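Quick one: the structure is below, questions incoming.
The chains carry the letters A, B, C, D, E, F, G, H, I, J, K, L and M, assigned in the order they are written, with residues numbered from 1 in each.
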Amino acid sequence: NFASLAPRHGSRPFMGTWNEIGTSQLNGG
Amino acid sequence: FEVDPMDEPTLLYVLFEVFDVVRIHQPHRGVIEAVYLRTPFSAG
Amino acid sequence: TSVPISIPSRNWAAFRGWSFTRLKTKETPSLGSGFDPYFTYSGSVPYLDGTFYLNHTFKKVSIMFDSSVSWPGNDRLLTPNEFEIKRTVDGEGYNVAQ
Amino acid sequence: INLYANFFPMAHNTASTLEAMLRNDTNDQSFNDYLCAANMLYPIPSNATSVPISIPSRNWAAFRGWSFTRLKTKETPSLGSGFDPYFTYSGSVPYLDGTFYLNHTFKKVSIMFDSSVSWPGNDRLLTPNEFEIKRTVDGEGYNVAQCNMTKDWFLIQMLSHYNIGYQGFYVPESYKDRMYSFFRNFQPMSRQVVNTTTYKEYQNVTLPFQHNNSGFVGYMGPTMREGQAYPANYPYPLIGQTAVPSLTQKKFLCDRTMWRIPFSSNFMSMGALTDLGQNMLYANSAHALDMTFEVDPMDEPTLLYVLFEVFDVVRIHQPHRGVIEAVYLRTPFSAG
Amino acid sequence: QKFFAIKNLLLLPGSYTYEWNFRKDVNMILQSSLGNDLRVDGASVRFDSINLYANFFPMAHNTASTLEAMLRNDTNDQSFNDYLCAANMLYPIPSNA
Amino acid sequence: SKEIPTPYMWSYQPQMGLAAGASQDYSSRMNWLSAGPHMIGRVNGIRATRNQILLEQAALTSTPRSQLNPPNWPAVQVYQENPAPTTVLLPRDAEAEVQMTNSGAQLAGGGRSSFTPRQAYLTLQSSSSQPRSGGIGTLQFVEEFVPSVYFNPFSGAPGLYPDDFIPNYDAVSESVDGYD
Amino acid sequence: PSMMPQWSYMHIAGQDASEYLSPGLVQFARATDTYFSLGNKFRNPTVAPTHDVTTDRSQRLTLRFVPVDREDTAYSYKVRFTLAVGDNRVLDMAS
Amino acid sequence: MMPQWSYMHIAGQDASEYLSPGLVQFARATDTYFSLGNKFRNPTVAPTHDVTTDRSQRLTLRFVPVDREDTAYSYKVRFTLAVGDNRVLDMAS
Amino acid sequence: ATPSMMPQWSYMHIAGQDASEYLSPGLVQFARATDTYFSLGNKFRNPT
Amino acid sequence: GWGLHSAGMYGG
Amino acid sequence: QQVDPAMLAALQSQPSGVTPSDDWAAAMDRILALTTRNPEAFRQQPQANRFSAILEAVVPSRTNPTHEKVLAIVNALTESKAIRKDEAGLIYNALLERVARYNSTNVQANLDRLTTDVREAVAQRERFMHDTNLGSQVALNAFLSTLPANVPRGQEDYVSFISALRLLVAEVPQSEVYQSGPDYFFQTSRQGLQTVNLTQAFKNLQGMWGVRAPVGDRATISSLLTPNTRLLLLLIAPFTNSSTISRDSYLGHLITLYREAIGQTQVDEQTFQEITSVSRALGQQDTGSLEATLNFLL
Amino acid sequence: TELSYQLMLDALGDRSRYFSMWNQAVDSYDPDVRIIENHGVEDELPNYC
Amino acid sequence: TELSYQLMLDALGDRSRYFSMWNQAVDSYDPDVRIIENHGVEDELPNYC
């Protein structure tokens, strides 16, 4: 779960979106 | 509506072409008897 | 320049159509009396004679039931919301009858 | 004069499906205006304040609100004509541009449905029978931000653009203060005119005798300079131990946008048709309005540009190839 | 009104006593471009009248009566932080220390 | 009077599509006031037929519901539009057409094509993704909302009256949303 | 044309734009999000809901007290207010 | 599509999937303080199969007036724009 | 009200649940629906 | 979102 | 839409998240890590939200249900329309002042008795929505204690007609009778038409129960019957079998023939459902899809 | 509708950016004309020719 | 609190933009006065009267 790492907003941990795992920054992409 | 304006006050005139009849009737001598009707713009 | 007029909701059952024209103020009796002292003109009353002379002073004539279904029918004419009496200005050549 | 219609290269097996998906009577595109207005003008003849209007009674099915402004006759064409004589003016027409600059020259809005009951809508505001933007007199004080705009008006308007004013007040956002919007325009200001009637030594001077910078700037115009080095005379100093008394007078600056009167209970922008335009009272009868305005007396012939903003949605489709259809609607005021 | 417990607050109805003390210190009500000595020159603020200017939201009484009969409980029971959550000491430093 | 009532005719709402509150029929009445006994018992014998035709029409045609003039119609009791699925003729299947250009032949113009023998064509659904609710059309108001013949009129408790005959009344608020 | 009201034949009110389109188009309208824009033409309506969102009681929209117990002081200035919000009309205290 | 690229993750499987799902689980927790979203090569494909044409369509094509007509104050163009069976015009362009 | 005995670190919602959680569902449904026009979300203490 | 058609008139 | 009012009191005054102050058996259920869905979810919370739950669970708080028990009463009074809905923010502002003024051990246990009979002894309100003696049984048993039981002609069918009329207001929950003015009425529905003048119907039917009329007489009862009596016999028609008034009374020319008239429309509506669905199956003018349709059915 | 393509371009994207194809310019005085933000002069010095 | 609200609007509102009714503004120099960005003068011309 790794719930003891996220900075929790209250009781629910702050789990980010799914685009926050990779990147696609090319020139014109 | 939309009219050509003139100087004088000119009261407009719609003739609602409505529907009118009569039914006169004489059951006995000395009496005449008539149910009018005009629908729409009627009166009971 | 224009009057809009609204008559309230009503049974339009045996209805047949419309007719309209224009009359001067000093042509008509007030019709609630058998003596109108505002009738000081004495010539050829079109409310009574049926002899009208303001037939040519009109433009767009709109007929809309409940202010939202326009009546020529469902966009049956060359303008979907009016009966154009007299297109005076320019534009298309809708003007017929010279 | 030509036409440069760019096409998109849709492939033939996905263009023809798009040709025959949108062919149906339920995909069936729909547009409207952005402004969506019933634009009609009203003349203000020759320094007149009260400019009433009484449209005859009709439906108000999802009316969205008023929006008024002002503009001159000389600076505005009547676009019913394709060619407009008696029109010699050639810059920033307020009727077309979004140029608006006489909005601060305006006094009151009174709205009375059926000429019977006033509309704030069940006595919302402070003086309920009318809207008061310009409180010139003192009275008791409804003023906002050191101009003569009233809190009577500061709720119906500042909240109409931004939905801000019941919670608190703040710099509205960064993404809602558009160039043709209110808050970037609203620039209140004030000055102090030297008093007349609390002392004796106030004798005003006219421009041929009103002078400073004497001997260094030319007399009455940009000509060459002449005269004598000499003490200044016109500005009665409101500074320091001279301490001449002073009236106050103030005005506000709202150009470039029109005033807005929304049509709702809390006056907010809760949607397209509010709860007021939705109800069975305004959607089932006829209602006139004796909406009278009073303005500042201006000398040039002035038009008054009320836009009754109503819906303007157009439904279009193409039922066969080569055939286009378009059913129009503008409710209310649904005619020309 | 900048105080954190009454910056935001949802007043369920009643009559609320709202004592307040204002300032007539002309020395520190008027910011200067100079940083001079005010109150020795002769500037003087005065107070004619002070009126509360509350704006009310119209909330329906099918709705607000199911709002003023919920927040009376000890679990809806609102709570506010202050910003900076300040604590200010002002430790002195004398004369080129 | 109470026994042979002149029927409450409705009014159509073109915007919302609901019923705009009914009204007494005041534009079809005979002027029987100038009539003796042999016709005012005949005129009342006419209205007693249109108050029986309108009750043998209200059973054949109208949907049996509790709230006459409802504010939000359900999905199934409103006429939908389900046309045929649109058969789309795809011109040129590109599974073997992109191979022809990569061989070197540029194409132009446009079985259906000579270089490929096959021609597939697809069909797709032409109805909406969800059926429609909230407001009936004009022809549904032709069908339903026959003029309600209201016998022994206004003869009961408050709230037991037909409150939707008032042409101002919200059906789910017990109140006119008036000027506010 | 006539099967529907005018506020649903125009979608002034009514249904979401993802609701009255054919399912062939909604799977297409999201498949060309990037290059061929189609979020332009299909008219999401907003309704601004009635039926007990806002008042009916003719509330005073905003009002303006006068100070009870005001007094002068050469350094301070002390007032109070009996802001009496009565039975209703909740206040947000930041406005 | 060509597994000298799918190993390189030039194209094919995206960053939420060729990472081990423990590590996708890791960085969705940690973005507020320690973000490793700069390190893992999310690819895009820009698909074929009926997006761009083949069969000699002109992209932009200049239309024309037929029978312009003149008054001293106006000018009345008269176009015949047409598109056939394909190339569905946007009309904002 | 009653001095309801609690820790200081949960009666002031410093270490506690959220406006999603410690509030009543009849108020969270109210705070989610009125979020468009009548905001009251800042009053109910999101802690970290 | 992904797609998510819109319609905004005067005074949002 | 709900059945019980105290559940809405438990929905407007309880914490949605699980707390050990009120629901200890669910808060301790997840501290010890013994749960089916997501068991290992309490170790990975830090020292903030462990000690703020693990201290409060092994020794609970002691809260006050005074503010919660009154919402199970104030809601139970506004469900039954005893109070206006615009008003419950005043009475809870007055009951909470009341039960904190005169508070005791008794009143805190006397409210708790009263939040149970608005739950399980409010089943009478579930009862007479079904038996509808709101206004249908005990308001009509005054009407049957008004009519004279001594009818000269037809003594037996008089007390079988009203025996079939008491069944009418019993098998229908919506219908009700009432006292307005010196006469009783009967409406077949709330928000409903077809009000019969029930006093001016049985006075018309008095002196009528025995006629033995022939079958060649139709247009006589314009001076004998009344159209609401002709409509009351329409409303008694579906709940009247063939053994009530047998064959040869004039009501046998009326009640049996009214069931045939209802028997026409209860199968011709199915015919009318077919015709209005085949006008769009072949393509037909929807204006002319009802003019010729009704004329075939009337 | 001539006014209606104005006042939409404002509330669609940026307004104060000089597009030249369709000539999407603005009409905006600088605020030193409609407002005379009046400073006096910052002189305090004699300079000499 | 008088300092606390003073940079509470800094996180919530666009701080540089003015507002007259709260009298909400920003006491702020321009950084060519506190920090002299010296370049010398726009010379290279004998400029005459």
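To be clear about the criterion, a residue touches a chain if its C-beta (ideal position, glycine included) is under 8 Å from a C-beta of that chain, and two chains touch if they have at least 3 such contacts.
**Student:** Spelling it out: a chain qualifies if it touches chain D and also touches chain K; which chains qualify?
**Tutor:** Per touch definition, common to chain D and chain K: E, F, G, I.
**Student:** Tell me the rotation angle, 0 to 180 degrees, that brings the C-alpha atoms of chain L onto chain M, to the nearest 5.
**Tutor:** 120
**Student:** Find the most central chain, measuring centrality by the gap between its CA centroid and the centroid of all protein CA atoms shown.
**Tutor:** Smallest centre-to-centre distance to the global C-alpha mean: chain G.
**Student:** Any idea how many Å lie between the Cα centroids of chain C and chain K?
**Tutor:** 55
**Student:** Please report how many Å separate the Cα centroid of chain A from that of chain E, as a whole number.
**Tutor:** So the centroids are 39 Å from each other.
**Student:** Just give me the whole-number Å value for how far the CA centre of chain H lies from that of chain I.
**Tutor:** Chain centres of chain H and chain I, defined by C-alpha means, are spaced 45 Å apart.
**Student:** For chain I, jot down the residues that touch at least 2 other chains.
**Tutor:** 1-2, 4, 16-18, 20-24, 26-27, 37-38, 40
**Student:** Please output the residue numbers of chain A that touch at least 2 other chains, ranges allowed.
**Tutor:** 1-3, 7-8, 10-11
**Student:** Could you tell me which residues belong to chain K and also touch two or more other chains?
**Tutor:** 12-15, 17, 48-49, 63-64, 67, 86, 89-90, 93, 286 - these are the residues of chain K that touch more than one other chain.
**Student:** Show which residues of chain J lie in contact with chain G when the two form their complex.
**Tutor:** Listed in rising order, the residues are 2-7.
**Student:** Going by the contact rule set out above, which residues of chain F touch chain G in the complex?
**Tutor:** Interface residues on the chain F side: 13-17, 79, 81, 124-130, 132, 134-140, 170, 172-173, 175, 177-178, 180.
**Student:** Going by the contact rule at the top, pick out the chain D residues touching chain M in the complex.
**Tutor:** By the definition above, chain D touches chain M via 144-146, 169-171, 173-174, 177, 188.
**Student:** Could you please specify the touching residues of chain J with respect to chain D in the complex?
**Tutor:** 7, 9-12
**Student:** Contact residues on chain D for chain L in the complex?
**Tutor:** Those residues of chain D that touch chain L are 33-35, 37, 39, 79, 92, 95-99, 178-181, 187, 189, 253, 255-256.
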